[PDB]
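In: what follows is a protein structure lacking sequence information:
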């Protein structure tokens, strides 16, 4: 009766924004990113990539409730560097790694079959 | 400076009562030229220690080699001051008790400073003259380095 | 009976003991996560206990951030023997019993039913009597 | 004997005085007589309260239920004001009384 439809976990409805940017006023150079209709599949990669950056002092994510689909990411970086730049660089590096991985897997398939 | 204490120790026991914890062992060291007993808990997985070892112990109120304090806030992107990175094992604690050998009238001749490194305790007995740098609730670093 | 009527129940309670053992050393990323789940957190990551050869925090070092205000308390673990309080090592406690909280920091000890439970004078009772309902509520939620 | 030793405030030995109370206060304590009379009257009141307690509580049970936790308040005061226990203090026992 009160069952939400299955597509509500990945479909943005009328009005919902994918990502909203808010600042953190407790500590300087901190920022919070709220992502709607996402889960650990993206949160974990983005966090682990942010931690590789030597100019990132804090990088975490959490899902506030398992029944409500929303991801919150918090990143604080050293001065003369902004968390938005850290986030964008992280996404770019992830895309580059995935593209290289796909290329190498395709060549490995080609070597394995008929070779 | 900021170095409250500095001496070379020798390990006499690792667990006189028994292996209480999997990854933590309690050294029972004795000094040399100071006659100061030590009881220190050391993470043995990260920093293995066995019997008969000699290490140089330094207890300093700051790590920055100039005098300024650290405020206790962690920051790894601060290699500029060139902290005391000549040691192998470094811990960070807070002295929580200074027992003594006082009485009603006579003053103390032997002290005993306890420091808690976030769970891993330490007691450092000895004479009351070279143990004067310790005041309770004060943050303290510990630095170890095994001598070959 | 002038005791706290609610306390930690059996699953945070079976796990806070394991968290507060001496052996628990936490990596940088694990500390990041756990602090991400703290609602009353200032925003400053404390200095690790073990600083070399690899930065490691400790379970007590994070339960200290959970504990509110400046609470002073002394409890006793449920496996504390009858000789530690008498013989030597009174304040050294080889088995890590004799919980001590000074200035809102878990200096030593293992937390169990006798510290976070629904008994008189427990840590939660002291937190209530000292800080109020509005802070004890956050205490419960953050612990869990 | 234990009660007297623990609650008497010997003002005669004067070495414990120099060790525990400050120098400007120990001279005042050793010079005044009204201070000494008040300090003796305090112990008299404590002895009478001890007898009243022993009448109220036979079978010697110390455990009791009271509204203010004085020992924990004292601990909080010590930690709040950064009191160092190894040094003589500036608290006048007459001010305490």
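Out: Looks like it came in fine. Residues are numbered from 1 along each chain as shown, chains lettered A, B, ... in the order given.

In: tally of neighbours for residue D:90?
Out: The burial count assigned to residue D:90 is 10, neighbours taken as other C-beta atoms under 10 Å in any protein chain shown. C-beta: built from backbone N, CA, C; applies to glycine.

In: quick one: contacts for it?
Out: By C-beta atoms under 8 Å, 6 or more residues apart in numbering or on different chains, the contact set of residue D:90 is D:22, D:25.

In: can you name the farthest residue from the center of chain B?
Out: Checked against the mean C-alpha position of chain B, the extreme residue using C-alpha atoms, centre = their mean is residue B:105, at a distance of 30.6 Å.

In: next, it: secondary structure please.
Out: coil (DSSP: H, G, I helix; E, B strand; the rest coil).

In: before we move on, what about residue A:85?
Out: Reducing the assignment at residue A:85 to three states with three-state DSSP gives helix.

In: what kind of secondary structure is residue B:27 in?
Out: Applying three-state DSSP to residue B:27 yields a three-state assignment of strand.

In: chain neighbours aside, what residue packs nearest to the residue in chain D positioned nearest to chain A?
Out: Residue nearest to chain A within chain D (C-beta to the nearest C-beta): residue D:80, separated by 24.7 Å. Setting aside the residues directly before and after it, residue D:80 is nearest to residue C:70 in space (C-beta to C-beta, 6 or more residues apart in numbering or on different chains), at 7.2 Å.

In: same thing with residue C:99?
Out: Counting by C-beta to C-beta, 6+ apart, residue C:99 lies nearest to residue C:109, which is 2.9 Å off, once chain neighbours are set aside.

In: and residue D:36, by the same measure?
Out: On the basis of C-beta to C-beta, 6+ apart, the spatially nearest residue to residue D:36 that is not a chain neighbour turns out to be residue D:11, at 6.2 Å.

In: dump the residue contacts of that neighbour.
Out: Taking C-beta under 8 Å, 6+ apart as the contact definition, residue D:11 lies against D:17, D:29-30, D:36, D:39.

In: which parts of chain C sit against chain D?
Out: C:2, C:70, C:72, C:102-103, C:126, C:129 (C-beta under 8 Å from any C-beta of the partner chain).

In: one more time with 6 Å
Out: C:72, C:103 (C-beta under 6 Å from any C-beta of the partner chain).

In: likewise chain A?
Out: Neighbours of chain D within chain A, by C-beta under 6 Å from any C-beta: none found.

In: most remote residue from chain D's center?
Out: Taking C-alpha atoms, centre = their mean, the residue of chain D most remote from its mean C-alpha position is residue D:59, at 26.3 Å.

In: quick check, it in a helix?
Out: Yes: in this structure, residue D:59 lies within a helix as judged by three-state DSSP.

In: where's the residue of chain B found nearest chain C relative to residue C:63, distance?
Out: Nearest to chain C in chain B, going by C-beta to the nearest C-beta, is residue B:118, at a distance of 3.4 Å. Summarising the geometry, the distance separating residue B:118 from residue C:63, computed by C-beta to C-beta, to the nearest Å, is 10 Å.

In: before we move on, back to that, does the residue nearest to residue C:99 touch residue C:95 like I think?
Out: No: with contacts defined as C-beta atoms under 6 Å, residue C:109 does not count as touching residue C:95, sitting 10.1 Å away.

In: compare the two (neighbour count), which wins?
Out: It is residue C:109, of residue C:109 and residue C:95, that has more neighbours when counted by other C-beta under 10 Å, with 23 against 17.

In: right, and the helix or strand after the longest helix seen in chain D?
Out: The helix spanning the most residues in chain D, taking DSSP state H as the definition, is helix D:34-56. Using DSSP states H and E, the helix or strand that directly follows helix D:34-56 along the chain is helix D:70-80.

In: and the strands in chain B?
Out: Counting by DSSP state E, chain B has these strands, from start to end: B:3-13, B:24-30, B:38-43, B:54-60, B:89-100, B:110-117, B:120-127, B:139-144.

In: nearest to residue C:31, out of those?
Out: Relative to residue C:31, the nearest member of these by C-beta to C-beta is strand B:89-100, separated by 14.5 Å.

In: relative to the closest one, what are the paired strands and their orientations?
Out: Counting by DSSP bridges, the strands paired with strand B:89-100 are strand B:110-117 (antiparallel), strand B:139-144 (antiparallel), strand C:50-52 (antiparallel).

In: give me the angle between that strand and strand B:38-43.
Out: Between the direction of strand B:89-100 and that of strand B:38-43, the angle (axes from the mean of the first three to the mean of the last three C-alpha atoms, to 10 degrees) works out to 150 degrees.

In: who's in contact with strand B:89-100?
Out: Strand B:89-100 is contacted by residues B:47, B:108, B:111-117, B:134, B:136, B:138-144, C:47, C:49, C:51-52, C:91, C:107 when judged by C-beta atoms under 6 Å, 6 or more residues apart in numbering or on different chains.

In: and for stretch A:44-59?
Out: Contacts of stretch A:44-59 with the rest of the structure, by C-beta under 6 Å, 6+ apart, involve A:61, A:75-78, A:81, A:86, A:90, A:94.

In: just the buried residues of the contacts of strand B:89-100.
Out: Neighbour counting over those (16 or more other C-beta atoms under 10 Å in any protein chain shown) leaves B:47, B:108, B:111-117, B:134, B:136, B:139-144, C:47, C:49, C:51-52, C:91, C:107 as the buried ones.

In: chain neighbours aside, what residue packs nearest to residue B:113?
Out: Sequence neighbours aside, residue B:134 is the residue nearest to residue B:113 in space, at 4.4 Å (criterion: C-beta to C-beta, 6+ apart).

In: residues contacting that neighbour?
Out: Residues in contact with residue B:134, defined by C-beta under 6 Å, 6+ apart, are B:95, B:98, B:113.
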